[PDB]
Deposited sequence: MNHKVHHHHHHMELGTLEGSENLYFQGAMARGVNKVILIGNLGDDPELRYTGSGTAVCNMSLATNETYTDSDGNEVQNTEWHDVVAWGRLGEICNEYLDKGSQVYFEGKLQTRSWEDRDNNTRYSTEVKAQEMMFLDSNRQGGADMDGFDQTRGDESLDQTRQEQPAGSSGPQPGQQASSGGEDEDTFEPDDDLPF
């Protein structure tokens, strides 16, 4: 039984080849930049394209799966959760989607 719902659903294209690093533990961490492309038509008739860039991160086996199958430009589906991680010269924060499910859409 859950005590909250924190769910993100993305379909888009990667902007660069996935990056793989490992934690101090030896666990795989795959960082990916994803563009979601929305395009509507304004009251003047223009097609306005609007892109949003997301930082998607996949851990363990799923990240390994991401690093191998996905490439720059790949169309991909992600289900995940929002989290804001800190990092460092001083402290700065980033909001990223931690993937729970990935589907290669070619």
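Gaps between the deposited sequence and the modelled coordinates occur at 1-28, 117-119, 138-196, listed in sequence order.
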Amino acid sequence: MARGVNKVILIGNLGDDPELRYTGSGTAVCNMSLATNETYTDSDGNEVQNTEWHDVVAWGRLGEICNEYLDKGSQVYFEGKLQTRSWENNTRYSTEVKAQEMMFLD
From here on, numbers count along this sequence of modelled residues.
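When the C-alpha B-factors of 94-102 and 20-28 are averaged, 20-28 comes out higher.
When the C-alpha B-factors of 35-43 and 71-79 are averaged, 35-43 comes out higher.
Annotation for residue 57: C-alpha temperature factor in the lowest third relative to the rest of the modelled chain, per the entry.
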